[PDB]
Amino acid sequence: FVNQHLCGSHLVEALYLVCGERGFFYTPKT
Amino acid sequence: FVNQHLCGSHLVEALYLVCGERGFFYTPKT
Amino acid sequence: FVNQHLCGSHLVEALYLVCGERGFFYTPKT
Amino acid sequence: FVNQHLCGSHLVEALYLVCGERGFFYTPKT
Amino acid sequence: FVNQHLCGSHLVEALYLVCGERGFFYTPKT
Amino acid sequence: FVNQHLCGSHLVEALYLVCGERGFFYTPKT
Amino acid sequence: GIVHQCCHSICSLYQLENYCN
Amino acid sequence: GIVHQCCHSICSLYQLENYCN
Amino acid sequence: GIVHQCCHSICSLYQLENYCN
Amino acid sequence: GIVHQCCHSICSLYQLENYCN
Amino acid sequence: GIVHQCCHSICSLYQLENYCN
Amino acid sequence: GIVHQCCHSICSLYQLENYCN
Ligand SMILES: [Cl-]
Ligand SMILES: [Cl-]
Ligand SMILES: [Cl-]
Ligand SMILES: [Cl-]
Ligand SMILES: [Zn+2]
Ligand SMILES: [Zn+2]
Ligand SMILES: [Zn+2]
Ligand SMILES: [Zn+2]
Ligand SMILES: [Zn+2]
């Protein structure tokens, strides 16, 4: 898997891919 | 075709922009 | 809505989303 | 399905790259 | 519709993330 | 064509577009 | 679910806002 | 329109160039 | 242009809408 | 080819890994 | 948050999975 | 590689084509 800083929508597409059917949660300023 | 899987990709990118600091949960199920 | 610098194709996808059926104009070096 | 709406997203990203400084107008209508 | 052409776009972006330093070849043919 | 630094998945989408049916090879750390 | 509503019909930014936390 | 031509059939970079200003 | 307003600087949704038709 | 397998059915990250060099 | 862990810093695939449901 | 040529530096369309099959 890529080894770079993942930011903005790029971090979201990575989660989308990586998590697959599991789904994911994107909460930045938590 | 994978119409659902592709649409999902756009959806999460759109949520990234729309939600901002609010964050969001993406559950392909339900 | 997200509060970050929008650059390159990211600014175009934001306009695409935000403007919807209204359409938009992208002229950078005006 | 939203085949037209999704295709539009790719189109504008492609125009961003192809047009460059020339800019472009995106009118989903017409 | 251009279902194949659009899917291809997502595929290469996904390979970018999955392959990382390993790189990849994209041959729309075969 | 755009005249900017093309990085990450942005370089891959540019190759996808530019190369068309020819296909392309993305090998970064060669 | 967001997939069933927004992949069947186009959801505007305003409609997508419902799925934010 | 760009949608009717390019979403029906694949438009190459060269074809897309027509829609630039 | 929009690049300097929204890429170099930060634009609110309202300011982004200035570039809608 | 990657298009025929992954555009017909969803390929997970694990399946996509086969197409890496 | 995930932004500081994976955008500001670099995250391994395993660390990225911490944000999966 | 292409990363240093087109990401670190700027590549013209012609130079980008060097990476086409
Ligand atoms: Cl698509
Ligand atoms: Cl400036
Ligand atoms: Cl920090
Ligand atoms: Cl360098
Ligand atoms: Zn980017
Ligand atoms: Zn798509
Ligand atoms: Zn400026
Ligand atoms: Zn930080
Ligand atoms: Zn370098």
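Basis of the calculations
Residues numbered from 1 in each chain as written, not as in the entry; some residues may be left out. Chains lettered and ligands numbered in written order. Heavy atoms only, no water. Axes fitted to C-alpha atoms, helices over the stretch in contact; angles between N-to-C directions. Helix = DSSP H or I, 4+ residues; strand = E, 2+ residues; numbered from the N terminus. Left-handed = near helix turned anticlockwise from the far one by under 90°. Contact = heavy atoms within 4.5 Å. Nonpolar A, V, L, I, M, F, W, Y, C, P; charged D, E, K, R; others polar. Buried area = accessible area lost by both parts, 1.4 Å probe. Salt bridge = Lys/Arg side-chain N within 4 Å of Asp/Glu carboxyl O. Polar contact = N/O pair within 3.5 Å; in protein donor to acceptor, adjacent residues only side chain to side chain. Donors = N, O, S within 2.8 Å, 3.2 Å for Na, K, Ca; no water. Buried < 20%, exposed > 50% of the residue type's maximum accessible area, 1.4 Å probe, protein only. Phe/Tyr/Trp six-rings, centres within 6.5 Å; stacked < 30°, edge-to-face > 60°.

The deposited coordinates derive from X-ray crystallography, with the record listing a resolution of 1.90 Å.

Their axes nearest at 9 Å, the elements helix α1 (residues 9–19) of chain A and helix α1 (residues 3–19) of chain B cross at an angle of 145 degrees. As for how α1(A) packs across α1(B), the hand of that crossing is right-handed. Listed contacts from α1(B) to A:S9, A:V12, A:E13 and A:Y16 of α1(A) are B:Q4, B:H5, B:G8, B:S9, B:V12, B:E13 and B:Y16. Grouping the amino acids of the contact of α1(A) with α1(B) by side-chain chemistry returns four nonpolar, five polar and two charged.

With that out of the way, let us pick up the interface of chain K and chain A. In this assembly, 15 residues from chain K lie in contact with 18 residues from chain A. The largest contributions to the chain K side of the interface with chain A come from K:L16, K:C20 and K:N21, which together make up 31% of the buried area. Our enumeration of links across chain K and chain A arrives at one salt bridge. A salt bridge links K:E17 to A:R22, with the nearest nitrogen and oxygen atoms 3.4 Å apart. Remark: the boundary between chain K and chain A carries eight residue pairs in polar contact. For the side of chain K that touches chain A, the elements supplying multiple residues, two or more each, are α1 (2–8) and α2 (13–16) of chain K. A total of five residues in the side of chain K that touches chain A trace back to one element, the largest contributor, which is α1(K). The residue inventory of the side of chain K that touches chain A, partitioned by class, reads nine nonpolar, five polar and one charged.

It is worth spelling out the coordination of the zinc ion (ligand 5) at this point. Taken together, the protein donors to the zinc ion (ligand 5) comprise A:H10 (NE2), C:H10 (NE2) and F:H10 (NE2), at separations of 2.1 Å. With A:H10 in helix α1 and C:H10 in helix α1 (residues 9–19), the pair connects residues from two separate chains.

Attention now goes to helix α1 (residues 9–19) of chain F. Residue and element names in this part refer to chain F. Burial analysis of α1 places ten of its eleven residues in the buried class, which makes it a mostly covered element. Here α1 has its buried residues at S9, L11, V12, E13, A14, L15, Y16, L17, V18 and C19. Note on α1: the residue one or two positions beyond its end, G20, has a positive phi of about 50 degrees.

Within the protein, the atoms that donate to the zinc ion (ligand 9) are L:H4 (ND1) and L:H8 (ND1), at distances of 2.1 Å. With L:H4 and L:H8 both in helix α1 (residues 2–8), this residue pair falls four residues apart, about one helical turn.

Once that is clear, we can look at the packing of aromatic side chains. Within this structure, the stated rule accounts for 21 aromatic pairs over all chains. Relative to D:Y16, the ring of C:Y26 has its centre 5.9 Å away and its plane inclined at 65 degrees; by these criteria the two rings are edge-to-face. One end of the pair, C:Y26, is in strand β1 (residues 24–26); the other, D:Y16, is in helix α1 (residues 3–19), on a second chain. C:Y26 gets classed as buried once you look at its relative accessible area, which sits at 5%.

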